[PDB]
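Q: piece number one of the complex, untouched:
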Amino acid sequence: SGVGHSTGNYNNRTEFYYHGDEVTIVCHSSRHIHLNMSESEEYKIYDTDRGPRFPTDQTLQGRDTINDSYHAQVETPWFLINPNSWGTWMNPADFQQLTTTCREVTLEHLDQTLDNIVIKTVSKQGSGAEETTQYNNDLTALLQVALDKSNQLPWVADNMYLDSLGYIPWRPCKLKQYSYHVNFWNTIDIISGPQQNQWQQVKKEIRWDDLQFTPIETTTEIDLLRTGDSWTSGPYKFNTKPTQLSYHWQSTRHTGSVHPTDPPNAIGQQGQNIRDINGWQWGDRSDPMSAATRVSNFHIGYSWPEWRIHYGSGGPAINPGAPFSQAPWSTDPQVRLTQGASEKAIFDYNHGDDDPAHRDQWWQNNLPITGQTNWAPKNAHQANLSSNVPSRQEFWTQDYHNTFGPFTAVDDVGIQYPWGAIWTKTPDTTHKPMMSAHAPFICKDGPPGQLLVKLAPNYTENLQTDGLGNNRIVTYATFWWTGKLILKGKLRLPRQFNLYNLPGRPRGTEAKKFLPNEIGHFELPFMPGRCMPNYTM
Amino acid sequence: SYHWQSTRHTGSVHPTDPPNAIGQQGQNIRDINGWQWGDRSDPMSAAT
């Protein structure tokens, strides 16, 4: 160990281990991280402009207020390394092998290191027309590393805004600066004014008297690393429940016993429903025995006031509703039906876009998941269910009610390969949430890590001189991050006679994408992660 | 203890470049690569 010895090797690959029903996935990952001298060396607390596209006038009468970026934050001078994403860990072929051969999968445990620290200082030379730059490495400079295993810091580490290590192994990764929210009141009234067509800002402010500011320095112990030094996090063990890798097509009309039918005679005929049968029903039902009114033990899916905007303290937010496909109600392709709690992923060059300085999009609409599909407008309710058919009164078509209840069974989205976050923080409240709208894994104990790195400052000869001067020496670092997280799957075996339709690239896509270009530009394919049909019950 | 965070206070923070002096406001970045809900591209916003 010393200046001239490399501290750790590069390993990025995954290998699978099959024994019996168990399959162990050990996915290594390694990244080359480029770190810049922190912008300012101090903690800052400030709020922001309202945002882009927020209305200045009432012409659209408050509907634009759904575009609100206003927030108040504290930005630390620390940079966040998180490996929370699928595709940081696995390339497309190895996620395919996972998704075909595994029925469900868990997180086993995580381990990660930092090493091969290199710190350089740029030195300008010349008159500025020549402007010769020189890159000298400072052997005694420090890089300082904070990891909170106690989760004392605000968590704020997930892919929303996609701050994560790059997906393809051979490109350099660039960190984003750590920051978290402080309490503020953004409340907006969209009912304001006569006729209730006006929107108004009720109270928009940063609340100071109740506020909590936690620096990295007082919270956790910080390791200081020279060039020959390395850092290891130690083991982190998950405890979470598995996620299903198969999608459910059954609604409550597909689930139960089948309506009595006599078979068709020849290839042209249709099945024929038996008129008089002895089964259970709901209301007074006798003459009209029908599979719609068959009593069932459970119901699959629930209605929601789809795209509910919350308008809580802190701003307008959105309350997801259940994921499902609009494909049954899809009809014409031109129009795009978002109502299935669909999600859209913007992404950049390092995150799997082919073109630099442009951002490709995806928008998963969850087409495979059906039978959970409930579009709120389509539903109805009646006063009475009887052998008689109600009148125009007693029948209500467009309520938009929340029908979630004790009888409902639903599915989470599952893992969304390239851009989806792996895990999440469990909010500590009475009645923890039942399931997550995005991240497939909930951490019952604290989530892993939240690793923070800052480049210690290099000050010039004179300190706090100010006077239109710069305080410290321009510096940057490059170091190598390596980690492995282990997965436990359960072997998938054929449950059907006919051929399955196996995982692969999305339907509209060709294979010339997803492969390197003449320049080396390529896109990573979306993989559903809930990839195959399975009987719900 | 009481919880002050809504779902707008909870998660990752919208990308912002800092203010320069004591009078200025933070400035929200126009073009960012994050997740959204419906088809959202041009209007990347912390609400959605």
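A: Yes, it's here. Numbers count the residues shown, from 1 in each chain, chains lettered A, B, ... in the order given.
Q: For the closest residue to residue A:219 other than its chain neighbours, give me its contacts.
A: Nearest residue to residue A:219 in three dimensions, chain neighbours excluded: residue A:152, at 5.0 Å (Cβ to Cβ, 6 or more residues apart in numbering or on different chains). To be clear about C-beta, it is placed using only N, CA and C from the backbone, and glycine gets the same treatment. Neighbouring residues of residue A:152 by Cβ atoms under 8 Å, 6 or more residues apart in numbering or on different chains: A:214, A:219-220.
Q: give me that answer again for 10 Å
A: Neighbour list for residue A:152: A:214, A:216, A:218-220, A:446, A:450 [criterion: Cβ atoms under 10 Å, 6 or more residues apart in numbering or on different chains].
Q: and if you look at residue A:2?
A: A:226-228.
Q: do that again at 6 Å, thanks
A: residue A:228 (Cβ atoms under 6 Å, 6 or more residues apart in numbering or on different chains).
Q: do the same with residue A:228
A: Taking Cβ under 6 Å, 6+ apart, one finds A:1-3 in contact with residue A:228.
Q: what's the distance between it and residue A:365?
A: 51 Å (Cβ to Cβ, to the nearest Å).
Q: Straight-line length of stretch A:212-231, end to end?
A: Terminal residues of stretch A:212-231 are spaced 30 Å apart (Cα to Cα, to the nearest Å).
Q: Can you give me the buried ones in it?
A: Within stretch A:212-231, the residues scored as buried using 16 or more other Cβ atoms under 10 Å in any protein chain shown are A:216, A:220, A:222, A:225, A:227-231.
Q: Just name the closest of the contacts of residue A:152 to residue A:32, please.
A: If you rank those by distance to residue A:32 using Cβ to Cβ, residue A:450 comes first, at 21.1 Å.
Q: didn't the closest one look like it was pressed against residue A:156?
A: No. Assessed by Cβ atoms under 6 Å, residue A:450 is found out of contact with residue A:156, at 7.9 Å.
Q: who does the helix or strand where residue A:77 lies touch, helix- and strand-wise?
A: Assigned by DSSP states H and E, residue A:77 falls within strand A:72-81. Helices and strands touching strand A:72-81, by 3 or more Cβ pairs under 6 Å, 6 or more residues apart in numbering or on different chains; DSSP states H and E, are strand A:44-47, strand A:176-181, strand A:451-455.
Q: Tell me who's in contact with whichever residue of the stretch 51-200 of chain A sits closest to chain B.
A: In the stretch 51-200 of chain A, the residue that lies nearest chain B is residue A:161 (3.6 Å; Cβ to the nearest Cβ). Residue A:161 makes contact with B:12, B:32, B:34, according to Cβ under 6 Å, 6+ apart.
Q: again, but for residue A:468
A: Counting by Cβ under 6 Å, 6+ apart, residue A:468 has no contacts.
Q: Which secondary structure state is assigned to it?
A: coil (DSSP: H, G, I helix; E, B strand; the rest coil).
Q: Could you check how far residue A:210 is from chain B?
A: Going from residue A:210 to chain B by Cβ to the nearest Cβ, to the nearest Å gives 7 Å.
Q: How many neighbouring residues does residue A:467 have?
A: 4 (other Cβ atoms under 10 Å in any protein chain shown).
Q: What of the one 10 residues further on?
A: Taking other Cβ under 10 Å as the criterion, the count of residues near residue A:477 is 23.
Q: Where does residue A:218 sit, in terms of helix or strand?
A: Going by DSSP H and E, residue A:218 is part of helix A:216-219.
Q: where does chain A come near chain B, residue by residue?
A: A:44, A:46, A:48-49, A:51-53, A:66-69, A:71, A:73, A:156, A:158, A:160-162, A:179, A:181, A:183, A:312-318, A:338, A:344-348, A:359, A:361, A:363 (Cβ under 6 Å from any Cβ of the partner chain).
Q: Return the subset of those lying in strands.
A: Within the residues of chain A next to chain B, residues falling in strands by DSSP state E are A:44, A:46, A:73, A:179, A:181, A:318, A:344-347, A:361.
Q: Turn those into CSV, columns for neighbour count.
A: As requested, those are exported to CSV (neighbours: other Cβ atoms under 10 Å in any protein chain shown):
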residue, neighbour count
A:44, 15
A:46, 17
A:73, 23
A:179, 25
A:181, 23
A:318, 18
A:344, 20
A:345, 22
A:346, 23
A:347, 22
A:361, 14
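Q: could you also fit chain C onto it:
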Amino acid sequence: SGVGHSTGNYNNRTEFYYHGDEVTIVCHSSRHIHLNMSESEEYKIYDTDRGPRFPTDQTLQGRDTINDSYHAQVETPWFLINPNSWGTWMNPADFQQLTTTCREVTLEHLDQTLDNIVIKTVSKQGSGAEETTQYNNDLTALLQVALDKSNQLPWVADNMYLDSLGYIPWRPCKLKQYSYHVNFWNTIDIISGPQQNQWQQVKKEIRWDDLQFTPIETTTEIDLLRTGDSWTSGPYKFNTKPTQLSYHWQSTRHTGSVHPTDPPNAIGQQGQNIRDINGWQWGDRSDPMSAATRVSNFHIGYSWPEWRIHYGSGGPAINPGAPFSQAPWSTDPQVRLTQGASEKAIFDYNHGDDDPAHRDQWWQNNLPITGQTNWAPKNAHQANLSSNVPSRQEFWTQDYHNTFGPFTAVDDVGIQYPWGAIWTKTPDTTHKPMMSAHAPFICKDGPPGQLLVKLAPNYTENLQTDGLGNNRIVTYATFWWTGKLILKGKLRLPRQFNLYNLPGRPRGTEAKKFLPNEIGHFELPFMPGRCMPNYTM
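A: Chain C, in position alongside the others:
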């Protein structure tokens, strides 16, 4: 260990340990110190100008002479590191947790280190219009460290002038140069001249024939440190008596048995003092039995010729008197009554001022402490205490006497959080002082430390060439100081039925101060350190 290995980690946080009545506070602290090449490499002995605002004329007839900065010193080329202050060790929230949960606290022991030495040499380049500077680190340069555990050096390490490590953890700290007084005679006569309205300098000189000059080199052993080297002080154990964390509101009128009173009948009425009672008194007292003349065993507080100016050898000084609040005599707010032995703390950006190049102020007036309050002018004495009331003669209103005596009980100021010094040197004299005017802890044995660092000189090719040249190479260093001192407290439990009024920010202050700004500027709050009422007896 070597050039490319960091010698020690950054830890700045405190953690508390509660077992039974004992509470152990272990407060770590770590600082990044910026060290400049010493101004001159030699010891200098000189005296100074009289000072700013000292009178050149007798217009104010000697009253300005209270402004006297004149002194004679010897400045060593050494820089002093002292962690003697509250707020070097603790942030506001952790001093609050100390102050609420602890009844009293002691110093247990101190330990401190230096490591991650970085020494650079600045090299100018170009014609001076371009003036390109280059920062090269000299791997073989030395930083030399002296610590006297024997206290052979003049102590001179306390916060008066606030030479101490910065309070907030993430800013760099800059050392002040070590120096100490040599004997001189400043004596000033304010009684001079006919009518005794003239001030005159009796004898102002540096006394050479009796003088003592102690260098650092001959006094103590000096450690020399390259980059890969580190330094540890070893353990230092305090022996001192505890300090109360609660304030006493009782005077001698609040202390004893209560004057017999029959209760009031309804919500409007006042208590009624019994006319004829059998108690003790002082002089001949019979008909006028009164709580004022009740004999008591002790007396609380003492009078003093408040703001006594000493005018000893070496200059006019000031002899403190006892700390107390002027709030009972406060009346109108506009006027500011200083007479309670109040103290004022100037402070700078690194010491908790928000604005750079400006110095915020505080002035603790000790408002909570009452019942010790004695304003000298207000008092009086009589010839006889009898049932009769004396005449205009025999009664003397404005004496200003010192009433300290064998019967008096008093309080020290206590700990003053941001700017107050933790400990102090015990002057070695017959009859050591009873209690300290500022620092809460007296060191019965020697005080800790007094750590001194100098940056060893880097000489150019030719030595002692002089001739309008510079002797040595421009150099500076940055290194990391870490230390922990442990405290032993005693658990505080409720002694009352009603709610206490718990520690927090000062009354006039809001919470937008004390929190980082958009630039990151914030102020640390004053905390009283004697925070809650308690029965004196």
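Q: Could you re-examine the neighbour count of residue A:467 with chain C now present?
A: That count, for residue A:467 with other Cβ under 10 Å as the rule, works out to 5.
Q: now swap in residue A:363 and tell me
A: So residue A:363, with other Cβ under 10 Å, has 18 neighbours.
Q: Quick check: beta-bridge partners of the closest residue to it other than its chain neighbours?
A: Nearest in space to residue A:363, with sequence neighbours left out and distances taken as Cβ to Cβ, 6+ apart, is residue A:344 at 4.0 Å. With DSSP bridges applied, residue A:344 shows beta-bridge pairing to residue B:36.
Q: Now tell me what touches the helix holding residue A:218 from outside.
A: Contacts of helix A:216-219 (Cβ under 6 Å, 6+ apart): A:76, A:78, A:146, A:152-153, C:12-13, C:91, C:169-170.
Q: of these, buried ones?
A: Using 16+ other Cβ under 10 Å, the buried members of the contacts of helix A:216-219 are A:76, A:78, A:146, A:153, C:12-13, C:91, C:169-170.
Q: Taking these together, which two end up most distant?
A: Going by Cβ to Cβ, the pair spanning these furthest: A:78 and C:91, at 17.6 Å.
Q: wouldn't residue A:11 be in contact with residue A:27 here?
A: No. Using Cβ under 6 Å, residue A:11 is not in contact with residue A:27; the gap is 10.5 Å.
Q: More neighbours: which of those two?
A: residue A:27 (22 against 11).
Q: My guess is that one contacts residue A:87. True?
A: No. Using Cβ under 6 Å, residue A:27 makes no contact with residue A:87, being 10.5 Å away.
Q: residues in contact with the residue nearest to residue A:363?
A: Going by Cβ under 6 Å, 6+ apart, the list of residues near residue A:344 reads A:363, B:36, B:39-40.
Q: Got phi/psi on residue A:278?
A: phi -100, psi 10 (degrees, to the nearest 10).
Q: Likewise for residue A:286?
A: According to degrees, to the nearest 10, residue A:286 has phi -140, psi -70.
Q: tally of neighbours for it?
A: Residue A:286: 9 neighbours (other Cβ under 10 Å).
Q: now swap in residue A:269 and tell me
A: Residues near residue A:269, counting by other Cβ under 10 Å: 9.
Q: do the same with residue A:302
A: 20.
Q: so it sits right up against residue A:401, yeah?
A: No. Using Cβ under 6 Å, residue A:302 is not in contact with residue A:401; the gap is 9.6 Å.
Q: Please point out which parts of stretch A:110-125 sit buried.
A: Neighbour-count burial for stretch A:110-125 [16+ other Cβ under 10 Å]: A:110-121, A:123.
Q: That one: how far from the chain's middle?
A: What separates the centre of stretch A:110-125 from the centre of its chain is 29 Å, taken as Cα atoms, centre = their mean, to the nearest Å.
Q: quick one: contacts of it?
A: For stretch A:110-125, the surrounding residues in contact (Cβ under 6 Å, 6+ apart) are A:6-8, A:132-138, A:141, A:143, A:225, A:227, A:230-233, A:235-236, A:448, A:473-475, A:477-485, C:132, C:134.
Q: which among the residues you listed end up buried?
A: Looks like the contacts of stretch A:110-125 have A:7, A:138, A:141, A:143, A:225, A:227, A:230-231, A:233, A:236, A:448, A:473, A:475, A:477, A:479-485, C:132, C:134 buried, using 16+ other Cβ under 10 Å.
Q: Run a quick check on residue A:45 versus residue A:74, I expect a contact.
A: Yes. Counting by Cβ under 6 Å, residue A:45 touches residue A:74, with 4.6 Å between them.
Q: Number of residues surrounding residue A:270?
A: 7.
Q: Could you do residue A:23 as well?
A: 21.
Q: How about residue A:329?
A: Neighbour number of residue A:329 under other Cβ under 10 Å is 13.
Q: ditto for residue A:41
A: For residue A:41, using other Cβ under 10 Å, the count is 18.
Q: can you check residue A:532 too?
A: 20.
Q: got it, and residue A:241?
A: So residue A:241, with other Cβ under 10 Å, has 12 neighbours.
Q: Please apply the same query to residue A:489.
A: By other Cβ under 10 Å, neighbour count at residue A:489 equals 23.
Q: for residue A:382, same thing?
A: Neighbour tally, residue A:382, other Cβ under 10 Å: 12.
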